[PDB]
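K.L.:
Provided herewith is a single structure, encoded as structure tokens, for subsequent inquiry.
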Amino acid sequence: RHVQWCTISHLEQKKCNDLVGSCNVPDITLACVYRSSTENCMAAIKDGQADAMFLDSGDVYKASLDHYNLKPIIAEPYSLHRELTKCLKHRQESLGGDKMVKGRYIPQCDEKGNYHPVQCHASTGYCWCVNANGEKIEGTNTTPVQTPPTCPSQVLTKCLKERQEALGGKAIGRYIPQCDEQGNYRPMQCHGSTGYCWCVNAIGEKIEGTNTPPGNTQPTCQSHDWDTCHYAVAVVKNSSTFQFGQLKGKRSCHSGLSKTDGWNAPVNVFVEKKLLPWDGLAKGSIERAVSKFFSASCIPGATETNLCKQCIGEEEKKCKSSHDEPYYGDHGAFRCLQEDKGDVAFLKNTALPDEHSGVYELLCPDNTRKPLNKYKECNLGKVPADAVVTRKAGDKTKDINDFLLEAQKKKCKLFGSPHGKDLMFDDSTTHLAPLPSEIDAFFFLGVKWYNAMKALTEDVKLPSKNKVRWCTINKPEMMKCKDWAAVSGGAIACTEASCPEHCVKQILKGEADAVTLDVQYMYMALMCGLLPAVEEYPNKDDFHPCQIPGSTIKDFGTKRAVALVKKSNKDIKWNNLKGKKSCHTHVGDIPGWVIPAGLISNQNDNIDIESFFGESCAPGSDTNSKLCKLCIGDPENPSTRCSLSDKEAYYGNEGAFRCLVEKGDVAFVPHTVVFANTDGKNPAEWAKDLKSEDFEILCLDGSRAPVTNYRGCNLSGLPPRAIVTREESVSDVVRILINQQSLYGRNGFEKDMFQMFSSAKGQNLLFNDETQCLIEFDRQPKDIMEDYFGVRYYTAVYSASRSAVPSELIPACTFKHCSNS
Ligand SMILES: NC1=N[C@H]2[C@H](CO)N=C(N)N3C[C@@H](OS(=O)(=O)O)C(O)(O)[C@]23N1
């Protein structure tokens with residue numbers, strides 16, 4: 001196995017070569033491939049000449065475009081503010097679940113708020129071991145007849161672990177971190193031999209401008225500092241006197257034309273403060289406008305002559321996006337100021353001097369100057385993280401990740417070099433971790449910075465708030481949507497995706513505005529931050545809420561999942577169904593499977609629903625399992641047993657009810673099944689005038705009730721399907737859809753011209769055909785998860801937790817960003 005790293009300079013190639021020799025990672029060999037600039041390396045990776053390189057966030061954006069098609073895969077983790085510990089958040093969530101779902105696991109947290117390594121389930125007496133995330137170590141479960149297991153101690157905090165590593169078993173003459181009671185870094189740190197002291201934030205990162213030799217006064221160190229994003233800053237010497245608003249005509253040093261801290265951040269501020277006569281691509285390029293602002297600068301990668309005048313690279317290396325240009329990068333821009341080739345340098349806080357005293361200070365955009373350690377209040381914005389990138393195909397992602405993980409475990413010299421600073425990686429980097437598997441530049445940079453960088457390259461025409469771009473998931477839906485657009489007078493437009501999850505992505509990225517989602521997709525949609533705008537109201541009995549919008553809805557009419565049993569079986573209750581014979585509509589059905597399996601796993605330590613029951617019939621299971629012993633199959637024996645078709649006699653709503661009456665104790669079905677197949681409503685012989693009063697439903701409290709009281713004695717009611725959109729577009733989508741519905745709904749004024757809830761092109765296109773109307777979602781002041789799902793469903797299916805991962809999109813769309821207001 002090989003990893004080919006692309007280097008951009010003679011110096012970087014030298015450092016990469018040293019690592020080939022010094023860093024011994026078994027199974028994976030590092031190799032180094034030289035190119036003359038950042039852009040030539042991005043092309044080498046696209047072409048397969050190399051596999052990986054580390055990019056500034058600005059280049060991560062550029063590399064994500066179709067010319068290169070690269071994606072970020074590895075980066076240093078950062079924090080925005082202090083958060084609750086995971087155990088305490090989990091406790092709060094589980095305690096907020098539906099109390100009618102009894103016997104649920106409530107985590108046990110220790111005096112620091114972390115998980116006790118031994119976790120126990122009070123209602124079942126089972127205990128197990130967990131990792132620091134509170135996730136069960138599989139295979140450690142012990143029954144209550146046994147003593148609690150012996151579980152390894154918690155992994156130490158960063159500070160306590162670095163302290164243990166610094167001691168290394170018996171220390172003298174080296175820095176040993178000082179930790180607080182909670183195991184985080186004390187704000188002030190001192191070197192036990194040199195007498196120097198400095199400040200660190202809560203995860204131990206040094207605050208620049210605070211390093212203090214012994215015998216001098218230290219700057220005040222801020223406590224509980226969990227803001228670890230990097231900040232773009234403008235650095236100047238204290239010997240000059242101009243302010244930020246007088247930058248016109250000065251000399252400047254920039255980390256690079258494509259760097260976020262050296263270009264996007266200052267240019268964004270220049271434009272907002274109207275220092276730069278530029279607003280759109282009608283006034284030419286921004287680089288040309290910047291060329292007229294400064295008298296002479298060094299901006300590696302630039303083409304304008306005066307913007308390369310201050311660079312000192314020799315011959316063709318001059319003004320290159322490469323360390324062979326001595327003023328390239330954060331530390332090159334600072335050197336350019338230090339050597340008086342510029343009056344101001346644009347870089348980020350992590351490249352500022354560590355020492356408190358000296359001739360440098362910060363140039364604030366509010367026309368003041370402030371000391372180096374005040375960058376959090378004297379900056380040009382937070383900037384995104386930087387990242388290792390590879391091809392979008394990801395053919396080398398695993399080898400790249402494995403090599404860097406092992407190299408860091410072995411403490412290879414990745415993050416420094418005698419040859420120079422910020423070679424291969426930023427010298428300030430301490431750890432590189434894998435990004436979410438579905439991350440891309442949009443989700444890595446965040447929508448605010450992604451759009452901000454795009455705005456510098458093109459005039460982004462923001463779509464109209466009077467048009468709803470509807471996302472369709474198949475060709476018939478696209479065609480029905482084009483007919484809607486033709487009658488809509490411009491209110492409706494159409495986009496195409498392959499599946500509802502890709503529609504959610506389009507809405508997040510501003511390519512579409514709305515889509516209707518099945519219940520099985522709403523957890524993902526809500527975790528990515530979309531909101532229900534309107535919902536499909538399916539109650540055929542009551543049309544009052546459709547005629548008079550905003551009025552009270554007595555019954556929304558969604559299905560209720562119930563546990564159906566016979567009146568003769570007096571001994572069966574909810575709490576004793578273990579080992580009994582059950583009948584499910586099919587695997588994957590929400591009322592017949594997802595809701596029952598969710599409650600069973602919630603109350604029995606995630607024990608398989610296959611193992612919970614004795615002999616069941618659930619179409620879709622393995623034919624040899626206990627879940628297919630009850631399944632008959634085709635009465636016209638061909639074997640089509642336990643099959644997901646009508647060939648199975650026990651398939652579907654009617655089939656699961658047949659399984660109950662013929663050979664079962666309980667059936668998991670919607671509440672409408674028993675009424676639609678008893679009282680002689682089904683002509684077949686198996687239900688020869690079967691009586692509805694012959695059956696009852698099981699309540700979660702062990703009691704029972706007649707099938708008529710399904711509203712108060714059910715496993716869970718389902719939420720309605722929802723039309724989702726971005727938070728800032730809810731009001732527009734509601735307004736446009738309600739107006740369209742007054743024209744083309746079931747009582748629309750122009751329903752002869754178009755019908756939203758039917759089509760000759762197919763069934764359930766865009767909306768479900770049995771929809772009565774769309775009802776505005778009335779957002780309540782509570783968690784959107786509980787608001788949309790209802791507490792019962794939220795608890796039964798997701799344990800009332802925001803930590804479930806039913807789609808691998810969730811870790812990417814919840815990745816946190818370094819954005820400004
Ligand atoms: N805001 C809000 N309006 C309701 C409508 C349905 O009537 N849409 C939902 N998805 N909901 C879930 C229900 O929850 S439940 O607990 O009543 O089942 C609810 O009635 O609260 C509701 N929440």
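If you're wondering about the labels, chains in the structure tokens are A, B, ... by order shown, residues count from 1 in each chain, ligands from 1 in order shown.
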Taking 6 positions as the minimum chain separation for residues in the same chain, which residues sit within 9 Å of stretch 423-439 of chain A when counting only C-alpha atoms? Answer as a ChimeraX atom specification.
P.N.:
/A:5-9,11-13,15-16,53-55,71-77,205,323,350-351,386-388,401,404-405,408,414-417,808-813,815
K.L.:
Take the residues from that selection and put them in a file with N, CA and C atoms, as a compact mmCIF listing (two decimals), in the first residue's frame.
P.N.:
```
# COMPACT_ATOMS: atom_id res chain seq x y z
N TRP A 5 2.08 11.77 -1.64
CA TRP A 5 1.76 13.12 -1.20
C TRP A 5 2.29 14.13 -2.22
N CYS A 6 1.46 15.10 -2.57
CA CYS A 6 1.89 16.16 -3.49
C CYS A 6 2.42 17.34 -2.70
N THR A 7 3.66 17.74 -3.01
CA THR A 7 4.28 18.89 -2.37
C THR A 7 4.38 20.02 -3.38
N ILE A 8 4.35 21.26 -2.88
CA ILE A 8 4.26 22.43 -3.74
C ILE A 8 5.57 23.19 -3.83
N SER A 9 6.63 22.72 -3.18
CA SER A 9 7.85 23.51 -3.12
C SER A 9 9.04 22.61 -2.87
N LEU A 11 11.20 23.14 -0.51
CA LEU A 11 11.29 22.95 0.93
C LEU A 11 10.31 21.89 1.42
N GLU A 12 9.06 21.95 0.95
CA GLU A 12 8.06 20.97 1.37
C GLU A 12 8.46 19.57 0.93
N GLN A 13 8.97 19.43 -0.30
CA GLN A 13 9.42 18.12 -0.77
C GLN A 13 10.53 17.58 0.12
N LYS A 15 10.94 18.24 3.37
CA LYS A 15 10.31 17.75 4.59
C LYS A 15 9.58 16.43 4.35
N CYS A 16 8.87 16.33 3.22
CA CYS A 16 8.15 15.09 2.94
C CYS A 16 9.13 13.93 2.77
N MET A 53 -3.00 16.12 -0.48
CA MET A 53 -2.28 17.32 -0.08
C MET A 53 -3.15 18.06 0.92
N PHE A 54 -2.52 18.94 1.67
CA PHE A 54 -3.20 19.79 2.65
C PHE A 54 -3.51 21.14 2.02
N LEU A 55 -4.77 21.58 2.10
CA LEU A 55 -5.21 22.81 1.45
C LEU A 55 -5.83 23.80 2.43
N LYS A 71 -12.11 16.61 -2.74
CA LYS A 71 -12.95 16.75 -1.56
C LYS A 71 -12.11 16.68 -0.29
N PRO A 72 -12.52 17.38 0.76
CA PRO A 72 -11.80 17.28 2.03
C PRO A 72 -12.11 15.97 2.73
N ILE A 73 -11.08 15.35 3.31
CA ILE A 73 -11.27 14.10 4.03
C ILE A 73 -10.73 14.11 5.45
N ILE A 74 -9.78 14.98 5.81
CA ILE A 74 -9.14 14.96 7.12
C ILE A 74 -8.85 16.38 7.56
N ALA A 75 -9.09 16.69 8.84
CA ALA A 75 -8.86 18.04 9.33
C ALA A 75 -8.73 18.03 10.85
N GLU A 76 -8.19 19.13 11.40
CA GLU A 76 -8.10 19.24 12.86
C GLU A 76 -9.47 19.60 13.45
N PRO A 77 -9.97 18.83 14.42
CA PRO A 77 -11.25 19.18 15.04
C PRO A 77 -11.19 20.51 15.77
N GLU A 205 -4.68 24.81 23.50
CA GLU A 205 -4.06 25.53 22.40
C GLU A 205 -3.53 26.86 22.91
N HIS A 323 6.12 27.66 -1.24
CA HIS A 323 7.11 28.10 -0.27
C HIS A 323 8.42 28.52 -0.92
N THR A 350 -3.12 32.11 14.24
CA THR A 350 -2.18 31.07 14.60
C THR A 350 -0.78 31.34 14.07
N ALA A 351 -0.61 32.33 13.20
CA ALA A 351 0.71 32.72 12.72
C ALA A 351 1.26 33.95 13.42
N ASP A 386 -8.88 24.13 7.64
CA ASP A 386 -8.19 23.65 6.45
C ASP A 386 -8.20 22.13 6.46
N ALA A 387 -7.86 21.50 5.33
CA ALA A 387 -8.10 20.07 5.27
C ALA A 387 -7.16 19.38 4.30
N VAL A 388 -6.88 18.10 4.57
CA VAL A 388 -6.30 17.22 3.56
C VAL A 388 -7.38 16.85 2.55
N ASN A 401 -6.05 7.99 5.43
CA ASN A 401 -6.46 8.07 6.83
C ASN A 401 -5.64 7.13 7.70
N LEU A 404 -2.04 8.52 8.27
CA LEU A 404 -1.94 9.67 9.16
C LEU A 404 -2.33 9.31 10.59
N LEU A 405 -3.27 8.38 10.77
CA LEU A 405 -3.61 7.95 12.12
C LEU A 405 -2.42 7.26 12.78
N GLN A 408 0.52 9.60 13.57
CA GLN A 408 0.29 10.42 14.75
C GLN A 408 0.40 9.59 16.03
N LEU A 414 5.27 15.24 11.89
CA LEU A 414 4.40 15.76 10.84
C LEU A 414 4.30 17.28 10.88
N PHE A 415 4.35 17.88 12.07
CA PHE A 415 3.90 19.26 12.26
C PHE A 415 5.04 20.22 12.58
N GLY A 416 6.23 19.94 12.08
CA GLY A 416 7.35 20.87 12.21
C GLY A 416 8.49 20.41 11.33
N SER A 417 9.42 21.33 11.08
CA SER A 417 10.58 20.97 10.27
C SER A 417 11.69 21.99 10.43
N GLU A 808 -26.25 8.27 6.75
CA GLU A 808 -24.88 8.77 6.84
C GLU A 808 -24.75 10.21 6.36
N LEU A 809 -25.83 10.82 5.87
CA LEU A 809 -25.80 12.24 5.60
C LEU A 809 -25.73 13.05 6.89
N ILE A 810 -26.31 12.53 7.97
CA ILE A 810 -26.47 13.31 9.20
C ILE A 810 -25.13 13.82 9.76
N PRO A 811 -24.08 13.00 9.88
CA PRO A 811 -22.80 13.56 10.37
C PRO A 811 -22.23 14.65 9.48
N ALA A 812 -22.51 14.62 8.18
CA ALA A 812 -22.00 15.67 7.30
C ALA A 812 -22.84 16.93 7.39
N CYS A 813 -24.17 16.80 7.43
CA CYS A 813 -25.00 17.99 7.46
C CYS A 813 -25.09 18.63 8.84
N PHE A 815 -22.16 18.86 10.72
CA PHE A 815 -20.81 19.35 10.95
C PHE A 815 -20.84 20.86 11.23
```
K.L.:
Please, which residues of stretch 437-476 of chain A, numbered as in this document, come out strand (DSSP E or B) from DSSP, as a list in words?
P.N.:
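For stretch 437-476 of chain A, the strand (DSSP E or B) set is residues 468, 469, 470, 471 and 472 of chain A.
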K.L.:
Using only C-alpha atoms and all ligand atoms, determine which residues fall within 8 Å of ligand 1, then list them as a ChimeraX atom specification.
P.N.:
/A:535,553,555-556,717-722,777-780,786-793
K.L.:
With a distance cut-off of 10 Å and only C-alpha atoms, select the neighbouring residues of stretch 142-146 of chain A, excluding the residue or stretch itself and same-chain residues fewer than 3 positions from it, and output the selection as JSON, numbers by chain.
P.N.:
{"A": [120, 121, 122, 124, 125, 126, 127, 128, 129, 139, 149]}
K.L.:
Those same residues - N, CA and C atoms - I'd like them written as a CSV table (one decimal), in the first residue's frame.
P.N.:
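Saved result, result_37.csv, follows:
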```csv
chain,number,residue,atom,x,y,z
A,120,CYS,N,-26.0,0.4,33.4
A,120,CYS,CA,-27.0,-0.6,33.8
A,120,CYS,C,-28.4,-0.1,33.4
A,121,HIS,N,-29.3,-1.1,33.2
A,121,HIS,CA,-30.7,-0.9,32.8
A,121,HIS,C,-31.6,-1.3,34.0
A,122,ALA,N,-32.2,-0.4,34.7
A,122,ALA,CA,-32.8,-0.7,36.0
A,122,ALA,C,-33.9,-1.7,35.8
A,124,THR,N,-34.5,-4.0,33.7
A,124,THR,CA,-34.1,-5.4,33.3
A,124,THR,C,-32.9,-5.9,34.1
A,125,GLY,N,-32.2,-5.1,34.9
A,125,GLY,CA,-31.1,-5.6,35.6
A,125,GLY,C,-29.9,-5.9,34.8
A,126,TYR,N,-29.9,-5.6,33.5
A,126,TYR,CA,-28.7,-5.9,32.7
A,126,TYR,C,-27.7,-4.7,32.8
A,127,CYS,N,-26.4,-5.1,32.8
A,127,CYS,CA,-25.3,-4.1,32.8
A,127,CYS,C,-24.4,-4.4,31.7
A,128,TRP,N,-23.6,-3.4,31.3
A,128,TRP,CA,-22.6,-3.6,30.2
A,128,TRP,C,-21.6,-2.5,30.3
A,129,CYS,N,-20.5,-2.6,29.5
A,129,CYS,CA,-19.4,-1.7,29.4
A,129,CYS,C,-19.7,-0.7,28.3
A,139,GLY,N,-20.9,-7.5,23.5
A,139,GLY,CA,-20.3,-8.7,24.1
A,139,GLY,C,-20.0,-8.6,25.6
A,149,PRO,N,-20.3,-6.2,35.3
A,149,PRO,CA,-19.0,-6.5,34.7
A,149,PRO,C,-17.9,-5.6,35.2
```
K.L.:
Could you list, as a PyMOL selection string, every residue within 7 Å of residue A:311, counting only C-alpha atoms and ignoring same-chain residues fewer than 5 positions away?
P.N.:
chain A and resi 298+318-319+327
K.L.:
Generate the output file for the selected residues, C-alpha atoms, as a PDB file, in the first residue's frame.
P.N.:
```pdb
ATOM      1  CA  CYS A 298       2.871  40.602  -2.421  1.00  0.00           C
ATOM      2  CA  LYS A 318       8.377  34.958  -7.733  1.00  0.00           C
ATOM      3  CA  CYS A 319       4.749  35.330  -6.592  1.00  0.00           C
ATOM      4  CA  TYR A 327       6.636  35.589   1.322  1.00  0.00           C
TER       5      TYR A 327
END
```
K.L.:
What residues in stretch 428-617 of chain A get the DSSP label helix (DSSP H, G or I)? Please answer as a ChimeraX atom specification.
P.N.:
/A:441-445,447-455,475-488,500-508,519-527,544-547,574-576,590-603,609-612
K.L.:
Can I get the selection written as a compact mmCIF listing (two decimals), in the first residue's frame, with C-alpha atoms?
P.N.:
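Output (result.txt):
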```txt
# COMPACT_ATOMS: atom_id res chain seq x y z
CA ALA A 441 -16.70 21.31 0.55
CA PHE A 442 -20.21 22.73 1.07
CA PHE A 443 -20.80 20.90 4.36
CA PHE A 444 -17.16 21.30 5.46
CA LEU A 445 -16.98 25.06 4.85
CA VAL A 447 -23.21 27.54 3.63
CA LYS A 448 -22.13 31.02 4.77
CA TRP A 449 -18.46 30.69 3.83
CA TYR A 450 -19.24 28.59 0.74
CA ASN A 451 -21.53 31.32 -0.62
CA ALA A 452 -19.12 34.06 0.45
CA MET A 453 -16.28 32.50 -1.55
CA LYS A 454 -18.58 31.91 -4.52
CA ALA A 455 -19.70 35.56 -4.40
CA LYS A 475 -39.76 11.07 -14.28
CA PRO A 476 -43.57 10.94 -13.76
CA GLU A 477 -43.24 13.37 -10.84
CA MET A 478 -41.16 15.70 -13.03
CA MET A 479 -43.87 15.60 -15.70
CA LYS A 480 -46.69 16.32 -13.25
CA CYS A 481 -44.61 19.18 -11.86
CA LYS A 482 -44.09 20.64 -15.34
CA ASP A 483 -47.87 20.66 -15.83
CA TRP A 484 -48.22 22.43 -12.47
CA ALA A 485 -45.65 25.01 -13.55
CA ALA A 486 -47.52 25.64 -16.81
CA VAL A 487 -50.69 26.66 -14.93
CA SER A 488 -48.95 28.27 -11.94
CA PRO A 500 -35.75 12.04 -1.28
CA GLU A 501 -32.36 12.33 0.45
CA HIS A 502 -30.88 13.97 -2.63
CA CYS A 503 -33.85 16.36 -2.58
CA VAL A 504 -32.96 17.29 1.01
CA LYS A 505 -29.40 18.01 -0.16
CA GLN A 506 -30.69 20.21 -2.99
CA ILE A 507 -32.83 22.24 -0.59
CA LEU A 508 -29.90 22.65 1.83
CA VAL A 519 -42.00 9.74 7.87
CA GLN A 520 -38.91 7.54 7.42
CA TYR A 521 -36.96 10.57 6.09
CA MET A 522 -38.00 13.29 8.56
CA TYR A 523 -35.45 12.50 11.27
CA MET A 524 -32.65 13.09 8.76
CA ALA A 525 -34.34 16.19 7.34
CA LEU A 526 -34.89 17.74 10.77
CA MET A 527 -31.37 17.00 11.93
CA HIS A 544 -63.52 21.60 8.17
CA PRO A 545 -59.76 22.37 8.49
CA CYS A 546 -59.42 22.32 4.69
CA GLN A 547 -62.35 24.66 4.04
CA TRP A 574 -48.19 -5.75 26.75
CA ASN A 575 -45.58 -6.68 29.36
CA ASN A 576 -45.67 -10.46 28.71
CA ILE A 590 -43.88 1.68 10.38
CA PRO A 591 -47.09 0.65 12.22
CA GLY A 592 -46.41 -3.07 11.84
CA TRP A 593 -42.68 -3.26 12.50
CA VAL A 594 -40.69 -0.07 13.16
CA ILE A 595 -42.88 1.08 16.07
CA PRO A 596 -43.11 -2.39 17.70
CA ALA A 597 -39.42 -3.16 17.19
CA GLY A 598 -38.55 0.26 18.58
CA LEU A 599 -40.54 -0.26 21.77
CA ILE A 600 -39.14 -3.78 22.22
CA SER A 601 -35.53 -2.64 21.85
CA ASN A 602 -36.23 0.31 24.18
CA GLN A 603 -37.46 -2.00 26.95
CA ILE A 609 -37.24 -8.60 17.79
CA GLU A 610 -36.51 -11.91 16.06
CA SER A 611 -35.45 -13.41 19.40
CA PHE A 612 -38.12 -11.60 21.43
```
K.L.:
Sorted by chain and rising residue number, which residues of stretch 332-418 of chain A lie within 10 Å of stretch 262-286 of chain A, and what are their closest atom pairs and distances in Å to one decimal, counting only C-alpha atoms, as JSON lines?
P.N.:
```
{"residue": "A:333", "atom": "CA", "partner": "A:262", "partner_atom": "CA", "distance": 8.6}
{"residue": "A:345", "atom": "CA", "partner": "A:262", "partner_atom": "CA", "distance": 8.3}
{"residue": "A:346", "atom": "CA", "partner": "A:262", "partner_atom": "CA", "distance": 5.0}
{"residue": "A:347", "atom": "CA", "partner": "A:262", "partner_atom": "CA", "distance": 5.4}
{"residue": "A:348", "atom": "CA", "partner": "A:262", "partner_atom": "CA", "distance": 8.1}
{"residue": "A:365", "atom": "CA", "partner": "A:269", "partner_atom": "CA", "distance": 7.8}
{"residue": "A:366", "atom": "CA", "partner": "A:273", "partner_atom": "CA", "distance": 9.9}
{"residue": "A:379", "atom": "CA", "partner": "A:265", "partner_atom": "CA", "distance": 9.4}
{"residue": "A:380", "atom": "CA", "partner": "A:265", "partner_atom": "CA", "distance": 5.8}
{"residue": "A:381", "atom": "CA", "partner": "A:265", "partner_atom": "CA", "distance": 6.6}
{"residue": "A:382", "atom": "CA", "partner": "A:265", "partner_atom": "CA", "distance": 8.5}
{"residue": "A:383", "atom": "CA", "partner": "A:265", "partner_atom": "CA", "distance": 7.6}
```
K.L.:
Include C-alpha atoms and write out the residues we just selected as a PDB file, in the first residue's frame.
P.N.:
```pdb
ATOM      1  CA  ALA A 333       3.225  37.367   4.829  1.00  0.00           C
ATOM      2  CA  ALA A 345       0.055  41.666   6.632  1.00  0.00           C
ATOM      3  CA  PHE A 346      -3.113  39.588   6.213  1.00  0.00           C
ATOM      4  CA  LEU A 347      -2.931  36.171   7.893  1.00  0.00           C
ATOM      5  CA  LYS A 348      -4.560  34.351  10.807  1.00  0.00           C
ATOM      6  CA  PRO A 365     -11.759  47.065  11.107  1.00  0.00           C
ATOM      7  CA  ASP A 366     -13.415  49.548  13.518  1.00  0.00           C
ATOM      8  CA  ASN A 379     -10.298  40.406  13.445  1.00  0.00           C
ATOM      9  CA  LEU A 380     -11.580  40.114   9.877  1.00  0.00           C
ATOM     10  CA  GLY A 381     -13.837  37.143  10.718  1.00  0.00           C
ATOM     11  CA  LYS A 382     -13.545  33.522  11.713  1.00  0.00           C
ATOM     12  CA  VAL A 383     -12.262  31.374   8.850  1.00  0.00           C
TER      13      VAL A 383
END
```
K.L.:
Which residues, written as a PyMOL selection string, have at least one atom at most 12 Å from residue A:3, with only C-alpha atoms counted and residues fewer than 4 positions away on the same chain left out?
P.N.:
chain A and resi 16+20+25+27-33+45+48-53+390+395-404
K.L.:
Have a look at A:309, A:288, A:2, A:691 and name the one nearest to residue A:675; count only C-alpha atoms.
P.N.:
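For residue A:675, the nearest of the given residues is A:691.
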K.L.:
Between A:181, A:732, A:325, A:605, single out the one closest to residue A:467, counting only C-alpha atoms.
P.N.:
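For residue A:467, the nearest of the given residues is A:732.
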K.L.:
When you count only C-alpha atoms, which of these residues is closest to residue A:252: A:236, A:156, A:548, A:642?
P.N.:
A:236
K.L.:
Of the candidates A:172, A:528, A:200, A:151, which shows the shortest atom-to-atom distance to residue A:131, using only C-alpha atoms?
P.N.:
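The shortest atom-to-atom distance to residue A:131 comes from A:151.
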K.L.:
For a test of reading the model, state the distance in Å between atom CA of residue A:195 and atom CA of residue A:176, rounded to one decimal.
P.N.:
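These atoms are spaced 12.4 Å apart.
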K.L.:
Write out as a ChimeraX atom specification the residues lying within 9 Å of residue A:657, counting only C-alpha atoms and excluding same-chain residues fewer than 2 positions away.
P.N.:
/A:564,583-585,650,652-655,659-662,667-669,673-674,677
K.L.:
Using only C-alpha atoms, which of the listed residues (A:331, A:356, A:62, A:254) sits closest to residue A:307?
P.N.:
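The shortest atom-to-atom distance to residue A:307 comes from A:254.
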K.L.:
Just to confirm, what's the straight-line distance from atom CA of residue A:518 to atom CA of residue A:723 in Å (one decimal)?
P.N.:
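Separation of atom CA of residue A:518 and atom CA of residue A:723: 9.3 Å.
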K.L.:
Of the candidates A:343, A:165, A:111, A:304, which shows the shortest atom-to-atom distance to residue A:248, using only C-alpha atoms?
P.N.:
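Between A:343, A:165, A:111, A:304, the residue approaching residue A:248 most closely is A:343.
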K.L.:
What's around stretch 639-641 of chain A at 12 Å? Count only C-alpha atoms, leave out sequence neighbours fewer than 3 positions away in its own chain, and write the answer as a PyMOL selection string.
P.N.:
chain A and resi 617-625+627-636+644-651
K.L.:
Using atom CA of residue A:341 and atom CA of residue A:61 as the two end points, give the distance in Å to one decimal.
P.N.:
29.6 Å
